[PDB]
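Student: Handing you a structure now.
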Amino acid sequence: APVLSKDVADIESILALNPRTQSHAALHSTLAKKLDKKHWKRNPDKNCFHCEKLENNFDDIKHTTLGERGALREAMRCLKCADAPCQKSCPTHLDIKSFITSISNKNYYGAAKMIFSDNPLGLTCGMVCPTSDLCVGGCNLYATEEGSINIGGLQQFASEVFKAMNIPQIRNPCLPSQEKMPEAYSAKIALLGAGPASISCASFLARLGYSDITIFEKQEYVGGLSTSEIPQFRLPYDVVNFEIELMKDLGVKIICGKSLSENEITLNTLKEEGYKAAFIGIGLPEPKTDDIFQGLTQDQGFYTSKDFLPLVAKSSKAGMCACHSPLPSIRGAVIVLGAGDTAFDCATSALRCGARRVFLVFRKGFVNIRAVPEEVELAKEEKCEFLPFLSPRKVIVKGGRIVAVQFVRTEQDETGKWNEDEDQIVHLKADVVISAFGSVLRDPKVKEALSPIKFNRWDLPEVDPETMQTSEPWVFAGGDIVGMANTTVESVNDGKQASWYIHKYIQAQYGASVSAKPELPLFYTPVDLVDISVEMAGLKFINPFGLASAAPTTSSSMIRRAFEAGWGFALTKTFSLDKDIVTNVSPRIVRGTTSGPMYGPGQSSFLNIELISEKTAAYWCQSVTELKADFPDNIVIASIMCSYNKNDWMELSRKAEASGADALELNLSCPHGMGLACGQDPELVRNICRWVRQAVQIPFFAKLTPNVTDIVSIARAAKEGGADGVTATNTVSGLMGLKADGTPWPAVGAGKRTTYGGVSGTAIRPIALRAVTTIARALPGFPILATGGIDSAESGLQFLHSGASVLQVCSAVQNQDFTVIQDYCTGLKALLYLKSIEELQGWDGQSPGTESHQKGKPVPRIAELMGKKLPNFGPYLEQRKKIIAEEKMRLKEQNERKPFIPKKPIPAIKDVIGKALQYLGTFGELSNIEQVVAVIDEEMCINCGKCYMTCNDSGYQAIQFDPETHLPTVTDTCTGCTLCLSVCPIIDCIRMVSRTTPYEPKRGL
Amino acid sequence: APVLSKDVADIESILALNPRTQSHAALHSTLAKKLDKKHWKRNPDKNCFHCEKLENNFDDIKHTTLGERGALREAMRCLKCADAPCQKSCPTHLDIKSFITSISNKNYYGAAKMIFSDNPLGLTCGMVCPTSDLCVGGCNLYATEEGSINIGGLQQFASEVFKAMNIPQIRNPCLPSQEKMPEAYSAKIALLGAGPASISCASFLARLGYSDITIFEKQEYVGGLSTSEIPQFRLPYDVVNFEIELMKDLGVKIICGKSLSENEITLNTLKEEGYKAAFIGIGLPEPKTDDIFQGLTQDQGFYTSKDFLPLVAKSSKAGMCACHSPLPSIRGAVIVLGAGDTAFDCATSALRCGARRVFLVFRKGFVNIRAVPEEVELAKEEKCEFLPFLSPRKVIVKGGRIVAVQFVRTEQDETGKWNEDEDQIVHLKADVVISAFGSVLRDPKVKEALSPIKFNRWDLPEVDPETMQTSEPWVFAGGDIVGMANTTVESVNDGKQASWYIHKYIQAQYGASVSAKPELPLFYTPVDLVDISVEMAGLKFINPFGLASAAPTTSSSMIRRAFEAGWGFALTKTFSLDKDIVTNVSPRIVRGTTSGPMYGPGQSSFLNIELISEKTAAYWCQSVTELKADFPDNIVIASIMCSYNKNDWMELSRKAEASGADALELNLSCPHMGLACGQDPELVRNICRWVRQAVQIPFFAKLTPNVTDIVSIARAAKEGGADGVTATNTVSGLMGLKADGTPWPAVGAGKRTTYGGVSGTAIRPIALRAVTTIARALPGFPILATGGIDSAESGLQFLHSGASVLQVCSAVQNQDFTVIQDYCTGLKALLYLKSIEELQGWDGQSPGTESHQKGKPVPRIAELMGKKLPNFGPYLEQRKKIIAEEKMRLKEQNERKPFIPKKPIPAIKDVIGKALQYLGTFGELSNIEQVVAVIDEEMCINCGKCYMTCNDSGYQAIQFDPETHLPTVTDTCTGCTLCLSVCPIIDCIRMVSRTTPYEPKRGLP
Ligand SMILES: Cc1cc2nc3c(=O)[nH]c(=O)nc-3n(C[C@H](O)[C@H](O)[C@H](O)COP(=O)(O)O)c2cc1C
């Protein structure tokens, strides 16, 4: 017979690339290394002077785009700062802390709601905001080596998921019915220009209740520059359409083919027609021109950005127009003049039109570029050449075509003045010239249509920077036309700012006043109407979330603020009779070491050696009376503890009941004598519950410790004793760790002493979930208040599904603050709402089904790629690029949005409780016939070989790892243990599927 | 009475910036936002065209430098890939996977050892390698949004900590005594030039045993370009000195003031003197010059990089030269000609000399820049202006000074071909001109000294790319002189490559052969001599680490490979008699959800529903016989399980003993106070009694943590005759449910599951408590620890807790068997460091945390400390001004010895149970020795997490400044320690003895 403990030839071969520590230094010549390097190349090659062909390629090129995997990582990284500087640096004042917290908790709906509440064009902005000069520029994490947070990408991700949910925006639920609205809200309102500014203004006015809002747009398309000029490869047109439809959900009307101009629409005609207010948001309609380009035509090869970009947009944005137009034929060398976003977008867009080479020419130096570094990077990575200190002087035309442009050198003198050197010239060959100096408002007919408002020095409408009001009280203006800023978000903010004062003005015209403090409404959807209340043990909870008896309930003043924030209920820190007064030691609460040396947000656990409340029973009882008086609908549960003494338990419970507590929670941590604690002995628990039951009439719950062999026996004892339910569970006994010198942490006093503490947080969730599930199955219907690692609506729902009715939280608040309640509530509403949407059954909660991707970007479904074994690196990547380019050329030759409606009642909390219990059982109830095997999606793989390493040293050596492509392949020896899927860095790259081939366990002999 | 549940004015004030969800959208004008943005600005302002003052400022400007906090985060992020592409892309073939794994496990020594084993200039390279064109360029994580790993920074960090340990390099321990070495090793060896190439070559030759190695250096200083030209602000001179001294530890001699030149040292004179081999590593000594600069002097303002950089280095690098030297007085506009590293370093260095403005002039375009993006970024961020397509023609000299440089425009045609346009000129004003075209070897005297070796077309020494041998068999060459590459790492590799063939050549000259397979020695230090063996229950373990009975021991072939890797011991997967045969289900092993949606490396836990081994007892017994036959020194423990039956346990135990197992481990998971035998003291006692009377070898009872009192079970096992206990098995739990209520793992069409066992770091607190409580209750009773052991550090925690050996499962599932190397070097280092008196302030391998920002030391300037100047907005501007003034003040103001153990290095037996002295009851903790939190404002990153945690989970004791976002702990602090626990910056907050009167908050008197 064979050497059983040895790998046969076949296995030794499959293990060829398995890591093995070397006993000697390696020997590889420098020449050999130079030759091997190209095979594994992932990033750009600095020695490569030409970037792949991009003709007709409008694929997303943003470096900030995130997929779910990446978004969760980045969201978890965010410090979720107080008085956040990023928010202060955001023109629309987005509550970044809150929306990123929501993303980290997988509550994409809540994140999107927060985003759109302050920015109606939340998705567009996430994609195009020059964050380095805005929110990200103020990020505290810039002070770390890893750097600032990708705020834009996170905003984009949450907004994209919300868009995919196809949920409509609704009228504010707290507004009176449309027919009960004061006459003033029917005032005819007009907005000129359907760009970011007007879309934002109209949206906020609609939120306030105005029912007659009309945006008059000159063109046949809507969205402004977001549609007509920003490239499809930066901002997909479907994003613009999505935001406009959300606005239309509020009743805003849009009429195209209508222009603000003499003989057409004017302020006078609007006033004559009965309009009560007007918002001017027409932007800067004309290109900034240069005399030297006079007379040049497109046929000769000359374009202004205003000519060029819309042509490319109309050809690349399906839905923009009804016309099916061809992409501008740009052949040869292209010269783009300018240093702002316009210039860089013209440069990159020129490449999509077939340009062989592109030159970005600046009048000043590289240091003076106006576009943010991130925008510049897109042109630079696509090999556009930059030529600084250049001023155009002449354009040479031959054979009806531009063939060159002559420039003069420019300089900065000992004064700060820019001069041109006539004797120093440049003759640059070029076939196409695109002027991208910027835009302005010149049309005399448009200016005349704005009579008689005052215009400033810059010949632009003058407005009060705070109210956005022009010299005419009923006319306001915002966006590019005001000339203060040139960003989508600032234009959106201008409309937002204007909406409040337009509201104030209109109300005043109808003899009504408005609050001195601005009150623009938030963003709402049907999800917000979802009822998340629940009844348990005769008590009505407005929502299932509450504060556990712990550090967050150290003082009643804290509970008050928690109720003000929206928490459904709260436990007082555990208190006792005066004779049981205690004194805490310090340090006493430490971070968990359960997930490695990761500091800051999201600690996976905490350990504490804290005692009961140091505050008296008198303080707590009076506090309870105060809290119940001010928050009658918020449930207050008094947590109490006594030694094993009947008179004490009856005295304290009665005192707590007399204070007005809705219920009591009995802390069974007091030692005695099965263990040392009362909560570890069924007999003691039964008696304690009996004493309390005969002492009070209100409901009471026994808080169980997980530190027992059979927690069900304790729960049963409590039930037999008269308890109305149980709280599962308290903290897990443990020792968090020791320093290298052997001393503990926490370390108390000069002696550096410690004692076993209680572990809390996500690290103990598996223990708490098992406890809740086992009790729910053994004692059906017996109320369970869950506690142990609840830190999101998703995790909360897991406990509800496991049999719990309400959810207590401690560690999640210690890791953050009381505002997480907003996230938990919107998150739970969303989870319940989605269960009624038939079209989204493939999603896992708020997570869309994972689509094949790389870096969060969808993988091209080209027949010429699937199954080609072409990883994203080295020569293989070059091949992929060639195939994609050919596909784009092939697509070139070859030349609606409805909201989902619930198709079933939205489940209430009571309808989901215990629903997961049906899947639990004994091991014997599990099928050993229905086996599975792992299957890898090569298109999502990042070639790390972790699946391979795990199967090799922790599995069945069933994966082949290719030595050239670093692509893994699961073979037929797979047993479906699932370890590979469990260690894979890419979500859903590996999936377990039903085994189709014969299965037979490996018996060795 | 007052309203107890309400915050008084004072507290309401302190809570002013505490987060509170808003009920309405915010209103802030665009103008207001523009004005407020500047206050919080962290990153560079794109509108700022003037670079900060950098005169005489040589502070580290590398973006890759990491501090411990940052290094740990990045190391944990690394996928630690199989057949890693980063290593393949590293010229010295560094085992990046392994050294980064060591860093993630806090084993900086092991990381440094791995680095230096393949690269003698590991620290220099970590700091200067153009990683984007090397290792990082092939990083698999480039395929994720977050991007590739900062490999260089990690290498730099580990190497810096090692440098701080001040541990010397030693001769290979396995080499024969110096006196027993064959005569061949005394062969006189000469190396020319003390740069990276020669330092590397000499180092490896010394490792091989050569005792007469001399490097002859022309200059008075050593280190080559690392010393003479690379800026101090990129590569501190102390780094070079450190690596030089490590080499000298091996006996290599360096003689300065000796040149390879016709009238001095020549190949002929060396041969005449008896030298047996010579390595030429003199680099490229002369600057590449241009005819137009002929005659220009430094006084006129002209320098070549070879003139300039050494001048700056000599004045900025303390220790480089004997006497002090002044910083070149560079005033006015500076023109730097070139596009490689040389040019960019000249540009940045010019600013340190006082340059007002710097222009980098390129003959080609920006796209053609030779330096990697990361090098270019340093000059660009310092506002250097770049002028492309420029070729110098004349240096206008008036009044004995350069006043300008006249250039001609350049361009590229059809076949690339570079032309110069004579009619297109530029007259650029400048006061200083620095040519940085590169370097060459031209000195006829030096070339003649190399007679008669063959030179190639490039007039450089010709060498075989594989052996580095010249036309003369006894002469080799490497580094810049060969002209193949221009990087420190490639030069180091050239010397490394040459060392093996020099060795082969010398041995052959003495009539000795060498292995066909290259065998360069690894890097060693005294730490490697540390004994980590331990004896337990009469068994001798070569090291305390072993594989737990689990997935990593699924097959005996795997245990074999584990022993080959170096694991001290291993458990077989639990096996039973034929009648108890089982069949596993699938899926059965899933990742933990204990630390959020973080995928890939370092899962914080796993859950499994796996059964005992599916392989027969016959297979395992034969396997044990085989394993013990081949690995007699590695301990093999047979894990067995039977139902509650005497005959069965006696039969199986005897069968396992007969196979040759060193010991047995009894799995007490079989259902027979719970449902398992391990949960009942009576059953455990009996089972152990049966086995005790059946076998003579030692046996250990594996305890389950799922019990009220684990000590009672351990005691039962001891009373039953067990020789020790294994604490502990997995924790019972449910890892989680999907949003639809289905579990994971989900088995079969019914998507069923059952309670599984949780393993990994998430259960370490439970296992640590178990080990410590058992160790305290049963002094001296052997304990084998299991539960979250994933590093030498964590292993030491268990040893300190009372365990003698350490079992591992999850850490291997997360990686592979090679972690054993990390654990062993890590434990050796931890024990070694305990003997170093000067490092007592360190926590294990972690140096005391110094005040820093982004890992860089905070300047200790009197006008900075206590100024309340955070690192953002106007405050940052002030800080920079203060620092610049300090640098000017410093301008106004014109040995490395190894630590020696001063106590015996502790053996494992000396550390076991040392932590027990600190554990006790809560009553044994002092409630009088209280502490309070103290924040180091210089380390703060202004997130406000301490503030939020104290507000909603504490005592509202922290003031958070509304302008500086700096926190201040007030006297109401109770020392609970939550703030310190949530702070993202390691050691920013520290707990200190309270000095002011302490009185517990009672709420009511
Ligand atoms: C997939 C898997 C299989 C296991 N199989 C066994 C087994 O057969 N016998 C046993 O005594 N313990 C078994 N264990 C438990 C381990 O030996 C070890 O006690 C546990 O995982 C705790 O250590 P860790 O934190 O290093 O993983 C298993 C654990 C896992 C994850």
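Chain B is numbered as in Swiss-Prot; shown residues: 2-673, 680-901, 908-1018, in order.
Per the header: X-ray crystallography, 1.6 Å.
Placed from the backbone N, Cα and C atoms, the Cβ positions cover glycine too.
Per Swiss-Prot, active site, proton acceptor is recorded for B:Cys671, and the stated evidence type is experimental evidence. The [4Fe-4S] cluster 1 binding site annotation in Swiss-Prot covers B:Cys79, B:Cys82, B:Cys87, B:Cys140. Here Swiss-Prot flags B:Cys91, B:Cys130, B:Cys136, B:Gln156 as [4Fe-4S] cluster 2 binding site. What Swiss-Prot lists as FAD binding site is B:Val129, B:194-198, B:218-226, B:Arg235, B:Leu261, B:480-489. The NADP(+) binding site feature in Swiss-Prot is assigned to B:340-343, B:364-365, B:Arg371, B:437-439, B:481-487; the stated evidence is experimental evidence. Sequence annotations record features per position, and here Swiss-Prot assigns FMN binding site to B:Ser550, B:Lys574, B:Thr575, B:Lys709, B:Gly767, B:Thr793, B:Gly794, B:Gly795, B:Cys816, B:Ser817. The feature substrate binding site is assigned by Swiss-Prot to B:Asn609, B:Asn668, B:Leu669, B:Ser670, B:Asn736, B:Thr737. Annotation source Swiss-Prot lists [4Fe-4S] cluster 3 binding site at B:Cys953, B:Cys956, B:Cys959, B:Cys963. Positions annotated as [4Fe-4S] cluster 4 binding site by Swiss-Prot: B:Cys986, B:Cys989, B:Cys992, B:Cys996. The domain '4Fe-4S ferredoxin-type 1' annotation in Swiss-Prot covers B:69-100. According to Swiss-Prot, the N6-acetyllysine annotation covers B:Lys384, on the basis of similarity to another entry.
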Student: Taking CB atoms only, which of the binding-site residues B:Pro197, B:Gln220, B:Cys986 fall under 8 A from chain A?
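Tutor: Sorted by position along the sequence, the hits amount to none.
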Student: Taking B:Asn901 and B:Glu908 as the last and first modelled residues around a gap of 6, how many Å apart are their Cα atoms?
Tutor: 20
Student: Which state, by DSSP, holds B:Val129 (FAD binding site): helix, strand or coil?
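Tutor: The three-state answer is helix.
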Student: Given B:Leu261, B:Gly767, B:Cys992 as the binding-site residues, which ones have a Cβ positioned under 6 Å from some atom of ligand 1?
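Tutor: Checking each Cβ against ligand 1, the ones under 6 Å are B:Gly767.
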Student: When you look at B:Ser550, B:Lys574, B:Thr575, B:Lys709, B:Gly767, B:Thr793, B:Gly794, B:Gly795, B:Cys816, B:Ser817, which the record names as binding FMN, what is the longest CA to CA distance in angstrom?
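Tutor: Taking every pair of listed residues, the largest Cα separation comes to 20 Å.
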Student: If you run the three-state DSSP split on B:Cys959 ([4Fe-4S] cluster 3 binding site), which class comes out?
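Tutor: DSSP call for B:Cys959 ([4Fe-4S] cluster 3 binding site): helix.
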Student: Out of B:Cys87, B:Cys136, B:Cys953, B:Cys956, the binding-site residues in the record, which is closest to B:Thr575 (FMN binding site) when you go by Cα distance?
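Tutor: Checked the binding-site residues B:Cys87, B:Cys136, B:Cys953, B:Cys956; minimum Cα distance to B:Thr575 (FMN binding site) goes to B:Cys87.
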Student: Between B:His673 and B:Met680 the model skips 6 residues; how long is the Cα-Cα span in Å?
Tutor: 11
Student: Using an 8 Å cut-off from the Cβ centroid of B:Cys91, B:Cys130, B:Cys136, B:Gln156, can you name the remaining same-chain residues around the [4Fe-4S] cluster 2 site, in sequence order?
Tutor: B:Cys87, B:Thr93, B:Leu95, B:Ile97, B:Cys126, B:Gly127, B:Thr132, B:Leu135, B:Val137, B:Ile152, B:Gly153, B:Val490
Student: Enumerate same-chain residues with a sequence separation of six or more from B:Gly767 (FMN binding site) and a Cβ-Cβ distance below 8 A; give 'none' if the list is empty.
Tutor: B:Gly593, B:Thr595, B:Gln604, B:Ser605, B:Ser606, B:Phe607, B:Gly795, B:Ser817
Student: Please report the Cα separation of B:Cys992 ([4Fe-4S] cluster 4 binding site) and B:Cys130 ([4Fe-4S] cluster 2 binding site) in Å, rounded to an integer.
Tutor: 39
Student: Run through B:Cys82, B:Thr343, B:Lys384, B:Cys963 for me and report the recorded positions whose CA is within 10 Å of the CA of B:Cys986 ([4Fe-4S] cluster 4 binding site), in sequence order.
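Tutor: Cα within 10 Å of B:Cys986 ([4Fe-4S] cluster 4 binding site): B:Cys963.
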Student: For the C-alpha pair, I'd like the distance in angstrom between B:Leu261 (FAD binding site) and B:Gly439 (NADP(+) binding site), rounded off.
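Tutor: Each residue's Cα considered, B:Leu261 (FAD binding site) and B:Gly439 (NADP(+) binding site) end up 22 Å apart.
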Student: Can you grab the distance from B:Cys816 (FMN binding site) over to B:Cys91 ([4Fe-4S] cluster 2 binding site)? Cα atoms, rounded to a whole Å.
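Tutor: Answer for this pair: 31 Å between alpha carbons.
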Student: Name, in the order they occur in the sequence, the residues of the same chain whose CB lies under 8 A from the CB of B:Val483 (FAD binding site) and which sit 6 or more residues away.
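Tutor: Spatial neighbours, sequence-distant, of B:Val483 (FAD binding site): B:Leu461, B:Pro462, B:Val464, B:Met469, B:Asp495.
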Student: Taking the centroid of the Cβ atoms of B:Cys986, B:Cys989, B:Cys992, B:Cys996 ([4Fe-4S] cluster 4 site), which other same-chain residues have Cβ within 8 Å of it?
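Tutor: Apart from the listed residues, the neighbours are B:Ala946, B:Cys959, B:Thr962, B:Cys963, B:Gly967, B:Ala970, B:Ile971, B:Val982, B:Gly988, B:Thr990, B:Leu991, B:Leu993, B:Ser994, B:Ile1002.
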Student: Going by Cα-Cα distance, pick out whichever of the binding-site residues B:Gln156, B:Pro197, B:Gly439, B:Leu669, B:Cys989 is nearest to B:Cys959 ([4Fe-4S] cluster 3 binding site).
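Tutor: Answer for the nearest of the binding-site residues: B:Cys989.
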Student: Identify all same-chain residues not among B:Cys953, B:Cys956, B:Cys959, B:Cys963 whose C-beta atom falls within 8 angstroms of the centroid of the [4Fe-4S] cluster 3 site's C-beta atoms; report them in sequence order.
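Tutor: These residues sit around the [4Fe-4S] cluster 3 site: B:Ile948, B:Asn955, B:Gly957, B:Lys958, B:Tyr960, B:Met961, B:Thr962, B:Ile971, B:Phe973, B:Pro980, B:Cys992, B:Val995, B:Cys996, B:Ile1002.
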Student: Could you give the Cα-Cα distance between B:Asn487 (FAD binding site) and B:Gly439 (NADP(+) binding site), in whole Å?
Tutor: 10
